[PDB]
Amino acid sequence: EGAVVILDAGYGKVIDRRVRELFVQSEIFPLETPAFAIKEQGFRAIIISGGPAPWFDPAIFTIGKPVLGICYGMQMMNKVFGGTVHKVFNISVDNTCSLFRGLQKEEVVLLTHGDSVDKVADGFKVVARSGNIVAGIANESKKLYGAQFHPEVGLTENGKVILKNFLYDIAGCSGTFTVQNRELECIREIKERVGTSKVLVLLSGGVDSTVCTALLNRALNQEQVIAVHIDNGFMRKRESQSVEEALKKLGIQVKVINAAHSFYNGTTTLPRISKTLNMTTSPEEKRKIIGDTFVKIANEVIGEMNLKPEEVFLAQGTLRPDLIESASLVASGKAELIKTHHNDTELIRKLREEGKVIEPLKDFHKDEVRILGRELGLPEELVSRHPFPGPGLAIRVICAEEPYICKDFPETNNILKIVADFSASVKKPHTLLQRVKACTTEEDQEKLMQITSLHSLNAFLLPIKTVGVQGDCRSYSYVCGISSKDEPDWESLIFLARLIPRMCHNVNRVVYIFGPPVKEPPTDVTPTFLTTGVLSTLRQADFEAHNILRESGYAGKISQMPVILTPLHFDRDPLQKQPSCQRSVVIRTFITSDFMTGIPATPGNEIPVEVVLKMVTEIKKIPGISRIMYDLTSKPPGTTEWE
């Protein structure tokens, strides 16, 4: 009703995105959708696409609605009207055709391989040509248009113009499907669902949660929205306070629960009884404890608020909510805590089973949430923040009592010494060099020759466990460190960072260590747990790196940047027998679309060397810091986080 239906035979998502970017509402339907169903719903126009015969209602062409056939859609269109078939380019277009007004006679388009029109359907006219291949057809009086190319991609340079001609000129869509209007529709639906009931929101301090809170407050009375922040003791420096301050500025008050002590001393049942969080080393155990503790506290706090419990809603900032979550997913990463089953969480269980859990942001994409936040009056600084994980800094401290050394340790280090000193090592061949040779490509070997002669590198295992993905599985295994005598050549390090995990599948990460060469890598660890002093050190480190990044103008160039503390104290004379007391900081830059794959930022490339070095300079000053390191690993085998 003012909208446009997309029927795909395979592109639907892409057309959906382009139509949305042009401020028209776009629902995708299955190809078999009948025309009466489309007429009943009041769609203004129909878009039909598909790759290089499935059941469709030919009435989609006959019911008097404008139709755009892209590719297969164009073929269907032609076939339905009698036409036949036989058997990136600069094509010719007839800019008098409604679809093509305001284009040049010549257009760059993405043409896909497959069938091509022979007899052009009666009442239709050819309106685009690529050599002889018919690239466009049109019946103006029936407002049916076929294009062989895909205007919905960016590789078709003026595809946005074509789509505009279809939606506005031909179909008469007015361009009112904006974030502003969707926000107002969203407010109306919130008013309608909630009525006079109170709404509790569990505000974590992240972007989605804050916009959700601001949206709920905008939709409802001031007295109807209760924002509750449970501080788990693992949040960054000053960023709890500034979220409260921003929401306060908008007339929204936030109830803060200072629950740090209950998280630090958190303990739970394991799939047996866990250690307290402040004595745990296991990342899986950290997540369960924190997950289980948060929910117990949330459930209690809801209890304490003396609300009529059949007039309470619980609202979340989740963009992709689920009915049932898996505990497997809770154990390993991001997950909806309130959607999994727990003990001592009756109130939450009741809200869930009563249909009182709402996700107002479910109809918005991630970029839209930001625009939504600006519109609701939140500062741009706040809405542009990088994601920050629920368990916060807890998964950013590598905790250990003992060094991580398995029986493969000595061999792997021998392999690594060869890799780092490859050009020299080739001049004194031994058994293990031959194994390296037998497992690496001629091209890789040759590139290794150059790299290791142009620079003096050391490579070695660090006695710590980090998470990584090997095939379908998460795995905990070694970090490999590289240091150099002179300034680092970044691209060469990136290369080693890919090469080493390929050679040694027991290596999950390759990092670069800043400063002088590491002649004697530690074989011991600084004892490290989630204690208030350790968290204090990391908070200051994380703060400095993030401020430096932000002040530099480059914060938007990276998706995320975990800053990690490791139990490693470097540069002790081994014949001095001095104990391991200091810790070391990793900078883990990450660039990604979807967080399934991604790359570090290469300094000199997406981020300036100077910015990175300034981080190193500043963090070194923090008391208790041995070395700074830079994570060079891609995902896979890396992951964004270190645990």
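For every residue, the number given is its place in the sequence shown, counted from 1.
- In this entry, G10 and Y11 are separated by 1 to 3 residues of the deposited sequence that lack coordinates.
- Where coordinates are absent for parts of the deposited sequence, a chain break appears; between neighbours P52 and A53 it spans 4 to 9 residues.
- On average the C-alpha atoms of 305 to 313 have higher B-factors than those of the other stretch, with 305 to 313 and 510 to 518 being the two compared.
- Between 260 to 268 and 425 to 433, the higher mean Cα B-factor belongs to 425 to 433.
- For the set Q450, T526, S456, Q222, the maximum C-alpha B-factor listed in the entry falls on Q222.
- When the C-alpha B-factors of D444, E244, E185, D208 are read from the PDB record, the largest value belongs to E244.
- Ranked by C-alpha B-factor against the other modelled residues of its chain, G42 falls in the highest third.
- Ranked against the other modelled residues of its chain, the C-alpha B-factor of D231 as given in the entry falls in the lowest third.
- Sorting the modelled residues of the chain by their CA temperature factor places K614 in the middle third.
- When the modelled residues of the chain are ordered by their C-alpha B factor, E284 lands in the middle third.
- The PDB entry assigns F595 a C-alpha temperature factor belonging to the middle third of its chain's modelled residues.
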